[PDB]
Structure formats: structure tokens, C-alpha cells
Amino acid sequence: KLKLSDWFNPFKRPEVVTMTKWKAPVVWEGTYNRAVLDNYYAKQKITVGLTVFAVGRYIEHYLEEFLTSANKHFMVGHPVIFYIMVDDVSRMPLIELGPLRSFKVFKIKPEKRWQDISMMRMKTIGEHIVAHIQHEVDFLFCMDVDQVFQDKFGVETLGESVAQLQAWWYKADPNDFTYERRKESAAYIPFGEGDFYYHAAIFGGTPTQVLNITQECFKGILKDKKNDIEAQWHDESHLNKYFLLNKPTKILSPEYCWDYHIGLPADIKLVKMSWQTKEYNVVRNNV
């Protein structure tokens, strides 16, 4: 049976947070033994899933670059299935995939508001988990399209529920976090509460856990609509509320989702994924 000490050494990164108060590891470059994990997971013959949405001009701007980088960097050495959700399949870039990669594409309805496009992902992911993903993979990541894999994003990131530290807020105090602060929203987190600010651009876990994550987030999204309120950062606000109540069993350092606009400080040793520059004037059609 895989124990934390088998693969995780926090002492390799003494100047950062490596363990939570609930004993979940925060995975930083230097702390993980990928060789040990690759061997362990290869013997289990795991398959890892990855969902990605591209609706509207997000397709032309980001989808090819995401998928090309995912092919190269995501869980290399293990079977991987990319689940691609687009509103227009005729604009799907059909890139060549390498060994142990395969994919499938689904046509989805485009929501009128970009905010609803972002939030509806929670409903859609859950539907696909029930319909097929639960039978296909051992672990699933759900990711934003507006980012690019830069280096190996491997089995060290796998767990029962996996959260991502948002690049801008990882050193901040909880009372500075951009949680939803209105008690009328289901995403509400009071001042004096909170562990971390999680980025909604990457989350994952077992199909069972991701199903619960997305189900509970979407319930909150629906409740808010009935109360004529919309959380400040939409699905991300709801995701943060979820992970407050249901603590992630693993957290990823900002190295796994880094914004180069910040620069590259000492803490960020090897970037695995980077944000694309925002292009809202083109890719979004409403305020």
C-alpha cells in the first residue's frame, strides 16, 4: 500500500508550505519521487482522464496549444484520455497524439453568457462522469483551456481530491483572499475562515470525488440563481467553498499553474503549466 513517505519528502522544500493542518501534502518541485510513483501506478495499470472546455473563440485561441502541450507533458508513461467539450466540432483542431494518448469530442450547447459557460462545466462534467468517465479512468483532472503545459505534469499530482493553489494568492492571508463575502450566496466564506485560495483552472481526483465536487458546486450555482445573486468569481468561488468544507487530500503548488505576469520568484523552481495572457475583448462576447 502506497504511503506518503514513499514518494513525498517535505524537507526538500523547507521554505514553503508542504503540509496542511489536515496532513494533506502540498506538492512542490523537489518534494516528489516520480520514479517510485510511476512504477507503483504502472503496476496498477491506471488510466488518467482530462476534461477541457472550449466554447466560442476560446477554440481558435487556446485549444490546439492546450492539447499539443497536454499530449507532450500530461501523465507521460500512462494511458490518458482527453475529453474535449466544444460548441462547434467543425472548428476542433485535430492534432496528432503520441503513445498512450487518445481522445473523444462532445458537442455541447453554448451558454449565452461567458459566466454561464464557465459555471455550466460543473453540470456537464458530472453528467459525463456518470455516463462514461467513471468506467474509463482511475483519476480525472478538470482544466481551463486558457493555459499551456510547460513541463511534466505527472502521477505525483494524483489523489482522491486534488486542488490547485492560485498563483497570485498563495502567500496571502485568508482575510485577503477573494472569497465570496456576501452571506446571500451559497459560496459565502466568512472573514476569519479559510485555508487557501484555490484556482478553479485545475482540480481533480477520483471520478467519485470529482462527481461530488462538481455536483455540490453546481447545486450552489443553481441556488444562487434562485436568490438573484452571482458569486464574485463564479465557479471558483463555489469551488473554494467546497474545498473549505471538504478538504482536498492533495494540493498542488503554484508551480503547477503559474502566471508569468508575476515574474519568476525563488519559490517557483520548475513551471509545469502557465496561464495564457487574457484576451477578453476577443474571446468573450458580454461584460
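Each form is matched to the other, and the largest set of C-alpha atoms that superpose within 1.5 Å is called the rigid core. Heads up: residue numbers just count along the shown sequence, starting at 1.
Novice: Taking C-alpha RMS after core alignment, which stretch differs more from the shown form in 6 other deposited structures of this protein: 269-277, or 21-29?
Specialist: With the rigid core fitted, 269-277 is the stretch that strays more in 6 other deposited structures of this protein.
Novice: Core-superposed in 6 other deposited structures of this protein, which stretch deviates more in Cα positions, 112-120 or 179-187?
Specialist: Of the two stretches, the larger average C-alpha offset in 6 other deposited structures of this protein falls on 112-120.
Novice: Which is higher in the entry, the mean Cα B factor of 145-153 or that of 173-181?
Specialist: Stretch with the higher mean C-alpha B-factor: 173-181.
Novice: Of 222-230 and 47-55, which one has the bigger average CA B-factor?
Specialist: In the deposited entry, the stretch with the higher C-alpha B-factor mean is 222-230.
Novice: From 99, 126, 93, 204, which pick has the Cα B-factor that tops the rest in the entry?
Specialist: Max CA B-factor in the entry, restricted to 99, 126, 93, 204: 93.
Novice: Among 132, 73, 121, 109, where is the Cα temperature factor highest, going by the PDB entry?
Specialist: Going by the entry's C-alpha B-factors, 109 comes out highest.
Novice: What third of the chain, by the recorded C-alpha B-factor, contains residue 244?
Specialist: Middle third - that is where residue 244 ends up once the chain's C-alpha B-factors are sorted.
Novice: Sorting the chain's CA B-factors, does residue 236 end up in the lowest, middle or highest third?
Specialist: It belongs to the lowest third of the chain when residues are ordered by C-alpha B-factor.
Novice: Taking the chain's C-alpha temperature factors as the reference, tell me which third residue 258 falls into: lowest, middle or highest.
Specialist: As the PDB entry reports it, the C-alpha B-factor of residue 258 lands in the lowest third of its chain.
Novice: By its CA B factor, does residue 138 count among the lowest, middle or highest third of the modelled residues in the chain?
Specialist: It belongs to the lowest third of the chain when residues are ordered by C-alpha B-factor.
Novice: Using the B-factor values recorded in the entry, state whether the Cα atom of residue 69 falls in the lowest, middle or highest third among the modelled residues of its chain.
Specialist: Bottom third by C-alpha B-factor.
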